[PDB]
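Trainee: Protein chains in written order, with PDB author numbering: chain e, 64 to 125; chain a, 1 to 125; chain d, 1 to 125; chain c, 1 to 125; chain b, 1 to 125.
Heads up, the beta-carbon is just placed ideally off N, CA and C, and yes, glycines get one too.
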Amino acid sequence: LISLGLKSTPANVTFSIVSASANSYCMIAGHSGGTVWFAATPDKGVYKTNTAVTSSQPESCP
Amino acid sequence: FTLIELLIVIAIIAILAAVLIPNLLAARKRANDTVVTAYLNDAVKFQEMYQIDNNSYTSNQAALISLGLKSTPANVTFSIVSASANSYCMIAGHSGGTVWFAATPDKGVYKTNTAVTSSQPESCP
Amino acid sequence: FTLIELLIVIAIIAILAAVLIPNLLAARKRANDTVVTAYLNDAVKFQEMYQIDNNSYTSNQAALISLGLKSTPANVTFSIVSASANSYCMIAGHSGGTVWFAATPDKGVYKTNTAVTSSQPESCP
Amino acid sequence: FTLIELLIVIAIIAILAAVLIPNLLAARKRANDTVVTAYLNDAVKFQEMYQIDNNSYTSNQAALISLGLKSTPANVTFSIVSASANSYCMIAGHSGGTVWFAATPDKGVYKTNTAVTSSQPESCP
Amino acid sequence: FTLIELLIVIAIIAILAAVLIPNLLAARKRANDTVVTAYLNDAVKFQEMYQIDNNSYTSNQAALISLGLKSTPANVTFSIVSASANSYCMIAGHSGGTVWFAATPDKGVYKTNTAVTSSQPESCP
Ligand SMILES: *[C@H]1O[C@H](CO)[C@H](O)[C@H](O[C@H]2O[C@H](CO)[C@H](O)[C@H](O[C@H]3O[C@H](CO)[C@@H](O[C@]4(C(=O)O)C[C@H](O)[C@H](NC(C)=N)[C@H]([C@@H](NC(C)=O)[C@H](C)O)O4)[C@H](O)[C@@H]3O)[C@H]2NC(C)=O)[C@H]1NC(C)=O
Ligand SMILES: *[C@H]1O[C@H](CO)[C@H](O)[C@H](O[C@H]2O[C@H](CO)[C@H](O)[C@H](O[C@H]3O[C@H](CO)[C@@H](O[C@]4(C(=O)O)C[C@H](O)[C@H](NC(C)=N)[C@H]([C@@H](NC(C)=O)[C@H](C)O)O4)[C@H](O)[C@@H]3O)[C@H]2NC(C)=O)[C@H]1NC(C)=O
Ligand SMILES: *[C@H]1O[C@H](CO)[C@H](O)[C@H](O[C@H]2O[C@H](CO)[C@H](O)[C@H](O[C@H]3O[C@H](CO)[C@@H](O[C@]4(C(=O)O)C[C@H](O)[C@H](NC(C)=N)[C@H]([C@@H](NC(C)=O)[C@H](C)O)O4)[C@H](O)[C@@H]3O)[C@H]2NC(C)=O)[C@H]1NC(C)=O
Ligand SMILES: *[C@H]1O[C@H](CO)[C@H](O)[C@H](O[C@H]2O[C@H](CO)[C@H](O)[C@H](O[C@H]3O[C@H](CO)[C@@H](O[C@]4(C(=O)O)C[C@H](O)[C@H](NC(C)=N)[C@H]([C@@H](NC(C)=O)[C@H](C)O)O4)[C@H](O)[C@@H]3O)[C@H]2NC(C)=O)[C@H]1NC(C)=O
Ligand SMILES: *[C@H]1O[C@H](CO)[C@H](O)[C@H](O[C@H]2O[C@H](CO)[C@H](O)[C@H](O[C@H]3O[C@H](CO)[C@@H](O[C@]4(C(=O)O)C[C@H](O)[C@H](NC(C)=N)[C@H]([C@@H](NC(C)=O)[C@H](C)O)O4)[C@H](O)[C@@H]3O)[C@H]2NC(C)=O)[C@H]1NC(C)=O
Ligand SMILES: *[C@H]1O[C@H](CO)[C@H](O)[C@H](O[C@H]2O[C@H](CO)[C@H](O)[C@H](O)[C@H]2NC(C)=O)[C@H]1NC(C)=O
Ligand SMILES: *[C@H]1O[C@H](CO)[C@H](O)[C@H](O[C@H]2O[C@H](CO)[C@H](O)[C@H](O)[C@H]2NC(C)=O)[C@H]1NC(C)=O
Ligand SMILES: *[C@H]1O[C@H](CO)[C@H](O)[C@H](O[C@H]2O[C@H](CO)[C@H](O)[C@H](O)[C@H]2NC(C)=O)[C@H]1NC(C)=O
Ligand SMILES: *[C@H]1O[C@H](CO)[C@H](O)[C@H](O[C@H]2O[C@H](CO)[C@H](O)[C@H](O)[C@H]2NC(C)=O)[C@H]1NC(C)=O
Ligand SMILES: *[C@H]1O[C@H](CO)[C@H](O)[C@H](O)[C@H]1NC(C)=O
Ligand SMILES: *[C@H]1O[C@H](CO)[C@H](O)[C@H](O)[C@H]1NC(C)=O
Ligand SMILES: *[C@H]1O[C@H](CO)[C@H](O)[C@H](O)[C@H]1NC(C)=O
Ligand SMILES: *[C@H]1O[C@H](CO)[C@H](O)[C@H](O)[C@H]1NC(C)=O
């Protein structure tokens, strides 16, 4: 994604691509001083999860 | 410009970011079924061209590719289930489409009831 | 620093506190109408996808949700007023928007004359 | 908190109020040209539909409106300059756009050199 | 309203100004490749029209332009590499696209491996 033009992960943001395939992805991101982890999938779009950023990041899209 | 205007701006950004993004999966499903339909319509043209040259239909894709049918599209699995002097059955589906499609010389190209997540049909419905 | 400077400071704080804060209600009204417009534009995409699969439009929202339309947004009331093989009418509005919006396959998504505080239109204007 | 801090705050408010507001006229000009382009693309679809029914193009907008073309958009002046069995010329512009747009069946929809403040072109450039 | 609130506002403006602006170059690259693809699809229609009139393909763009193909798009370099009674090869690319595109009557319009910053392909891959 960075090769194609996505910038460096922002300061204090931890971003992960949890899984991907020919047809779907799940991405998770959160700021150490935000409120909650956010998830992105091609069906649900970008949305906020129930998990606080002080907890360990979700292992999958809620 | 003050912190309350900036909180309103942040709140409205959060709203627009949630609603102005389409369901990308649903859009790609319908495009993917179009790829499968188009590839089966091409396989049908090439079955008729093979019939012109050989008085029979192919059972193998490499004969159709020789005549001018392109490589099976990315993420499309295509099979010629059966063929004879007089008929064929072909099945194709995209791993991120909706359903398997079938092609026969009588029914044309048509969609089956079987979802692409299930194993492919063994015959034309 | 003295009591007269501090009274001037207090007086000017009272002025800036009164004028530098935006009308939050008016801002949220226009954002809310954007949510309704966006949700009806999505419902329209899913009516076309249901038409691809069924050769008819839905009268019920759960069929659109199955295909990929998301839950009706918070404070948005959405209804499919009528549907047939060939047409639909959908109505939606946010309790803190300006007016009810309508969607039909000819007129697209458009705003009605009816305020969201009034009962929803029974049909497409 | 003292009068010098409050004067600094007032001075910086005056700066941010001057620079953080976009050119609204320039933004609306480009949106307005999009309305004109979109309306001419629709008029082109309806000219082809009228051609399906009548084997000729319309010279009058009411025939296109009957077939399903919507009312001319607010502040857009649209005209069908000429039409025949085989061709049309249409011109449209928004009073607060940049330039007049033209549409013909060969050139498609395209922007002319004539500013919207000048009288509309009498023919397709 | 005080200097600390105004510094928070300035700090948050600096954040939003950094993150809410898209990569414009990446967006324009994909639009530019669409222009090249569309122009080659048009050149292909006009090669077939020239074939209707002349029983051969063109090697020169001015023959296609006579028949109705428009001027090569801004920043698109287009060439007809070769042509005969039975085949053609055309190459096109936008100086700010991703890769050179090729067109032939068998493979259709397709993207090559060669970046637009490199010299154009001498033949169809
Ligand atoms: C986030 O943005 C900031 C903005 O200021 C900054 O750009 C960050 O740092 C990155 O950008 C730097 C300046 O451009 C560097 O590019 C740096 O490296 C990154 O980019 C490399 C080139 O794309 C990439 O390298 C590769 C490659 O070209 O494929 C990857 C492998 O290392 C590969 N090795 C092998 C064995 N396959 C090659 C390697 N080849 C061999 C045979 O060894 C090279 C050619 O020798 O190198 C890097 O891996 C990396 O992505 C980058 N900084 C950091 C910290 O990596 C930017 N952050 C990132 C990560 O992009
Ligand atoms: C899908 O399209 C993409 C587009 O980019 C790409 O073209 C794909 O790859 C294929 O195209 C390649 C470039 O042209 C290659 O052609 C490649 O091989 C295919 O085509 C061969 C020639 O038609 C074919 O070969 C044969 C033959 O000519 O009959 C078949 C047998 O292997 C045969 N062997 C025997 C024992 N009978 C001969 C063999 N002869 C002997 C005595 O050994 C040769 C002459 O040595 O070879 C290939 O089998 C194959 O179809 C092809 N790539 C791949 C992955 O196969 C394209 N995909 C396909 C499959 O067409
Ligand atoms: C709006 O989006 C939010 C996003 O967070 C959330 O997803 C909302 O809640 C819905 O999604 C939940 C999690 O997936 C649930 O799915 C929940 O149920 C909805 O989906 C059901 C399955 O599609 C649907 O059920 C059916 C069915 O599968 O056909 C419908 C009937 O109940 C049916 N019963 C009968 C008698 N025919 C079956 C039933 N079968 C039998 C024999 O009883 C099942 C198999 O036992 O169930 C539900 O009706 C429902 O749409 C859903 N939550 C709510 C509040 O319903 C989401 N909102 C909606 C409404 O989608
Ligand atoms: C642009 O869109 C907006 C969306 O809100 C709005 O719809 C605008 O207003 C138009 O739509 C109205 C509501 O439907 C009206 O239809 C209204 O009239 C238009 O449509 C008439 C019917 O198509 C049309 O009328 C005709 C006809 O039916 O042929 C045309 C002549 O007047 C004709 N008269 C004669 C002598 N031949 C007949 C007439 N017959 C006789 C014998 O007198 C009638 C039957 O009595 O009527 C109208 O001319 C008109 O197009 C329309 N509003 C306006 C301002 O006209 C919409 N804008 C337009 C112009 O469509
Ligand atoms: C791309 O589209 C844009 C859209 O705005 C614009 O139209 C571009 O410019 C072209 O269109 C102009 C306006 O119509 C001009 O037509 C212009 O010239 C082109 O078209 C000429 C007529 O088709 C063509 O001319 C010829 C001819 O008619 O055969 C070709 C030769 O020059 C020929 N000479 C000889 C010696 N055989 C004749 C010449 N005859 C003699 C005896 O000298 C003439 C009759 O005097 O002229 C031109 O060559 C040219 O294609 C054109 N502009 C440019 C820059 O050429 C459009 N771009 C193109 C290239 O079409
Ligand atoms: C189509 O080719 C198949 C392998 O690619 C397979 O061989 C099918 O069966 C044929 O077997 C040979 C040709 O390889 C025979 O002479 C017949 O063409 C045919 N045999 C039978 C049992 O019909 C062949 N077509 C099909 C499905 O018959
Ligand atoms: C859409 O579903 C509605 C309930 O969710 C309602 O059922 C509507 O009416 C249909 O009723 C059954 C299907 O449930 C019929 O076979 C028809 O689809 C239809 N009946 C009538 C009277 O048209 C249905 N769509 C609409 C509005 O017709
Ligand atoms: C399109 O309608 C115009 C009025 O709305 C005008 O009438 C144009 O001229 C036509 O006049 C009558 C139809 O009203 C004729 O029988 C022809 O259709 C046509 N006459 C001429 C001189 O061509 C008509 N279309 C155009 C521009 O011709
Ligand atoms: C297409 O036109 C080219 C110049 O625009 C060039 O002339 C190509 O070569 C032709 O040369 C003349 C026509 O100008 C001949 O009679 C043939 O059409 C052809 N000659 C050869 C060597 O084939 C012409 N098309 C191509 C690529 O042949
Ligand atoms: C198609 O023909 C090519 C040569 O043109 C190869 O022989 C290839 O093997 C053929 N495909 C089959 C297996 O029928
Ligand atoms: C949508 O499909 C789901 C299963 O995917 C449920 O059957 C649901 O009831 C459907 N909605 C309706 C009522 O059409
Ligand atoms: C379009 O048709 C309507 C009826 O459907 C009216 O007759 C109207 O006058 C028509 N427009 C014109 C003038 O062609
Ligand atoms: C296309 O035709 C025009 C006239 O209609 C000119 O003759 C032009 O030169 C032609 N293009 C070529 C060179 O084939």
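#1: Compare the C-alpha of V76 of chain a against each of a:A31, a:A26, a:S59, a:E48 and name the closest.
#2: Using 7 Å as the cut-off, classify the Cβ of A85 of chain a as near or not near the heavy atoms of ligand 12, replying yes or no.
#3: Mind checking if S79 of chain a is an interface residue toward chain e, Cβ cutoff 8 Å exclusive?
#4: Taking DSSP as the reference, what is the three-state secondary structure of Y39 of chain a?
#5: Would you check whether ligand 9 has a heavy atom nearer than 7 Å to the C-beta of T58 of chain b?
#6: Give the DSSP-derived three-state secondary structure of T77 of chain a in the structure shown.
#7: Smallest Cα separation from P105 of chain c: which of c:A83, c:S95, c:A115?
#8: My understanding is that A26 of chain a touches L67 of chain d, with C-beta atoms under 8 Å, so please give their C-beta distance in whole angstroms.
#9: Is the beta carbon of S123 of chain e less than 8 Å from the beta carbon of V81 of chain e?
#10: Drop a sphere of 10 angstroms on the beta-carbon of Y57 of chain d, count the other beta-carbons inside from all chains shown, and report buried for 16 or more, exposed for fewer.
#11: Rounded to the nearest angstrom, what separates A62 of chain c and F46 of chain d at their Cα positions?
#12: State the start and end residues of the unbroken alpha helix (DSSP H) segment that holds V19 of chain b.
#13: For ligand 3, is there a heavy atom less than 7 Å away from the beta-carbon of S123 of chain e?
#14: Checking 8 Å against the spacing of the C-beta atoms, do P125 of chain d and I8 of chain a come in under that value?
#15: Comparing the C-beta of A17 of chain a with each C-beta of chain d, is any distance below 8 Å?
#16: Taking 8 Å as the threshold (C-beta atoms), are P121 of chain a and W100 of chain a in contact?
#17: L69 of chain b touches chain c at which residues, Cβ-Cβ below 7 Å?
#18: Please state if the CB of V109 of chain c and the CB of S95 of chain c are separated by a distance shorter than 8 Å.
#19: Out of d:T114, d:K107, d:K70, which one is the CA nearest neighbour of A38 of chain d?
#20: On the three-state DSSP scale, how would you describe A26 of chain b?
#21: Alpha carbon to alpha carbon, how far is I10 of chain c from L6 of chain a?
#22: At which residue ranges does the segment 75-125 of chain e contain complete beta strand (DSSP E) runs of 3 or more residues, listed in the order of the chain?
#23: Measuring alpha carbon to alpha carbon, tell me which residue in c:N55, c:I52, c:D42 is nearest residue 126 of chain c.
#24: Taking just the CA atoms, how far does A102 of chain a sit from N86 of chain a?
#25: Using three-state DSSP, classify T34 of chain a as helix, strand or coil.
#26: Ligand 7 and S82 of chain d: does the residue's C-beta get closer than 7 Å to at least one heavy atom of that ligand?
#27: So, for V44 of chain a: in the same chain, excluding its five sequence neighbours on each side, which residues have a beta-carbon less than 7 Å away from its beta-carbon?
#28: Please state whether DSSP places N54 of chain d in a helix, a strand or coil.
#29: Step through the CB atoms of chain d and report whether any lies within less than 8 Å of the CB of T37 of chain c.
#30: Could you tell me which of d:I65, d:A14, d:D33 sits nearest to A92 of chain d, measuring between CA atoms?
#31: In chain order, what residues of the same chain have a beta carbon less than 8 Å from the beta carbon of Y50 of chain d, not counting five sequence neighbours either side?
#32: Let's test the definition: count the other Cβ atoms within 10 Å of the Cβ of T98 of chain a and tell me whether it reaches 16, buried, or not, exposed.
#33: When we look at the beta-carbon of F1 of chain d and count the other beta-carbons within 10 Å, is it buried (16 or more) or exposed?
#34: Look at the Cβ atom of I15 of chain a, then the Cβ atom of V36 of chain d, and state whether they are nearer than 8 Å.
Mentor: Looking at the coordinates:
#1: In terms of Cα proximity to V76 of chain a, the closest of a:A31, a:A26, a:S59, a:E48 is a:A31.
#2: Flag unset: Cβ of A85 of chain a not near ligand 12.
#3: So no, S79 of chain a is outside the interface.
#4: Of the three classes helix, strand and coil, the one that applies to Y39 of chain a here is helix, per DSSP.
#5: Correct: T58 of chain b has its Cβ closer than 7 Å to ligand 9.
#6: Collapsing the DSSP output to three states places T77 of chain a in a strand.
#7: When each option's Cα is compared against that of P105 of chain c, the closest is c:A83.
#8: The C-beta distance from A26 of chain a to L67 of chain d rounds to 7 Å, short enough to meet the 8 Å contact threshold.
#9: Yes, they are a contact pair.
#10: Of the other Cβ atoms in all chains shown, 16 or more fall within 10 Å of the Cβ of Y57 of chain d; this residue is therefore buried.
#11: Just so you know, the alpha carbons of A62 of chain c and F46 of chain d end up roughly 32 Å apart.
#12: Per DSSP, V19 of chain b belongs to the alpha helix (DSSP H) from 3-19.
#13: No, since every heavy atom of ligand 3 falls outside the 7 Å radius drawn around the Cβ of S123 of chain e.
#14: With respect to the 8 Å criterion, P125 of chain d and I8 of chain a are not classified as neighbours on the basis of their beta carbons.
#15: For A17 of chain a, the answer is no, since every Cβ of chain d falls outside 8 Å of its Cβ.
#16: Result yes, Cβ atoms of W100 of chain a and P121 of chain a sit closer than 8 Å.
#17: What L69 of chain b touches in chain c: nothing, since even the nearest Cβ is about 11 Å away.
#18: Cβ distance not < 8 Å, so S95 of chain c and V109 of chain c don't count as in contact.
#19: Per the Cα distances, d:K70.
#20: Assignment of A26 of chain b by DSSP, reduced to helix, strand and coil, places it in the helix class.
#21: Looking at the two C-alpha atoms, the distance is approximately 18 Å.
#22: Scanning the segment 75-125 of chain e from its first residue to its last, the whole beta strand (DSSP E) runs of 3-plus residues come out as 76-83, 88-94, 99-104, 108-115.
#23: Given that chain c is displayed from residue 1 to residue 125, the structure contains no residue 126 of chain c and the question cannot be resolved.
#24: Approximately 17 Å between the Cα atoms of the pair.
#25: In the three-state reduction of the DSSP assignment, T34 of chain a falls in the helix class.
#26: Answer for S82 of chain d: yes, Cβ within range of ligand 7.
#27: Result list for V44 of chain a: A103, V109, in chain order.
#28: Residue state for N54 of chain d is assigned as helix, using DSSP reduced to three classes.
#29: Closer than 8 Å: no.
#30: In terms of Cα proximity to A92 of chain d, the closest of d:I65, d:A14, d:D33 is d:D33.
#31: Once the five neighbours on either side are set aside, the close Cβ partners of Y50 of chain d are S56, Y57, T58, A63, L64, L67.
#32: So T98 of chain a counts as buried.
#33: It is exposed - the Cβ of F1 of chain d has fewer than 16 other Cβ atoms within 10 Å.
#34: The answer is no: Cβ separation not under 8 Å.
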